[PDB]
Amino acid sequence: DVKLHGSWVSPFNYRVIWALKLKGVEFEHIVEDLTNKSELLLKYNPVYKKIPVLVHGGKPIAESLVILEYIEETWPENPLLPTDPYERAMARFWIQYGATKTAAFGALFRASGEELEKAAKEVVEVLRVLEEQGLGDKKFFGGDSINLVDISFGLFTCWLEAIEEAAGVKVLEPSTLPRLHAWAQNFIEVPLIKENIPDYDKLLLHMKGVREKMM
């Protein structure tokens, strides 16, 4: 009834895995080979031809942020967004902030030496705004438990750690981002997240390969 056209490494696909597991939704995970995309993937997502694609009752939903809101509306129990409209707008605002800034992380796999340091410092500043104005003193972006905002920022945990190791630069450190670093540790320790993340060695190998083609 629910199928997820995914990947073993995509952070965008893992957002969907987390939301489905938080709702207790049974699903079939179909891992796509991106060098030879299936006929179902091209039919279900003709506009972008990308994963993830959620298929529910044979009907496709593409784009991880659109999928997450669909899951929240379709399975409303175990809510992943607040009820108050102003609080929901703040959650959507921070999710969109992450979506707009995820591009500035590309410079980490494009720049070198005394240019890569500047790219890392710019990314620390992006994360500091999120820490100060978004997270604040809460344990999670969702308060006492994870919500769609935590899920949307999960890529700043093991995926960012792998990018840091592949590029040879430091970004999310406790000295510079104390609350965000504590959040990243708490997020990765949530049993649902810990049991549903790529193997770090495999993820690091994937990130090293991505950095190689981006130079």
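Position 1 is the first residue in the sequence shown; the rest follow in order. Only the largest set of C-alpha atoms that superpose within 1.5 Å between the two forms is called the rigid core.
Trainee: Do you reckon 98 to 106 or 125 to 133 strays further from the shown form in 6 other deposited structures of this protein, measuring C-alpha RMS after a core fit?
Mentor: Stretch with the higher C-alpha RMS distance in 6 other deposited structures of this protein: 98 to 106.
Trainee: Comparing average C-alpha B factors as deposited, tell me which of 109 to 117 and 88 to 96 sits higher.
Mentor: Comparing 109 to 117 with 88 to 96, the higher mean C-alpha B-factor belongs to 109 to 117.
Trainee: Tell me which stretch has the larger mean Cα B-factor in this entry, 203 to 211 or 10 to 18.
Mentor: Mean CA B-factor is higher for 203 to 211.
Trainee: Per the entry, which of 31, 151, 53, 188 tops the list for Cα B factor?
Mentor: When the deposited C-alpha B-factors of 31, 151, 53, 188 are compared, 31 is largest.
Trainee: Between 157, 36, 176, 64, which one tops the list for C-alpha B-factor in the PDB entry?
Mentor: Largest recorded C-alpha B-factor: 36.
Trainee: With respect to C-alpha B-factor, does residue 81 fall in the lowest, middle or highest third of the chain as deposited?
Mentor: Lowest third of the chain for residue 81's C-alpha B-factor.
Trainee: Rank-wise, by C-alpha B-factor, drop residue 71 into the lowest, middle or highest third of its chain.
Mentor: Lowest third - that is where residue 71 ends up once the chain's C-alpha B-factors are sorted.
Trainee: Per the entry's values, where does residue 42 land by CA temperature factor relative to the rest of its chain, in the lowest, middle or highest third?
Mentor: As the PDB entry reports it, the C-alpha B-factor of residue 42 lands in the highest third of its chain.
Trainee: By the recorded C-alpha temperature factor, relative to the other modelled residues in its chain, which third is residue 183 in?
Mentor: Lowest third of the chain for residue 183's C-alpha B-factor.
Trainee: Going by the recorded CA B-factors, say which third of the chain residue 169 sits in, lowest, middle or highest.
Mentor: It belongs to the highest third of the chain when residues are ordered by C-alpha B-factor.
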